[PDB]
């Protein structure tokens, strides 16, 4: 029902910034469709973990505590993208970052609440 493709990962020095993007498309998708888009990240040796989410219709946002103030999530409902600005990056932010979406309101901040997934983009923060 929605297709997602994420991009923007790469190699960055500690303290640096990167911006990820996720292109959203769907046959019945519109500017106030009641969807939730999020970013998850999978660090080395770890499972996918919640980073941030945005309600597509209202643009209300929520962040994992570990990224609050350093990362911002936003969405453009003309171009149909969701972006993640990442500042003040640290080696522990190294991970594969995935765009994800749900057609509705998540009941958790876990992977099980999101039924659509991007393929992932790889972020490496060197020191």
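Residue numbers count along the first chain shown, from 1.
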query	finding
Average Cα temperature factor in the PDB entry - higher stretch of 22-30, 77-85	22-30
Identity of residue with top Cα B-factor, from 53, 41, 90, 70	90
CA B-factor ranking of residue 3, expressed as a third of its chain	highest
Residue 124 by Cα B-factor - lowest, middle or highest third of the modelled chain	middle
Chain-relative CA temperature factor third for residue 58	highest
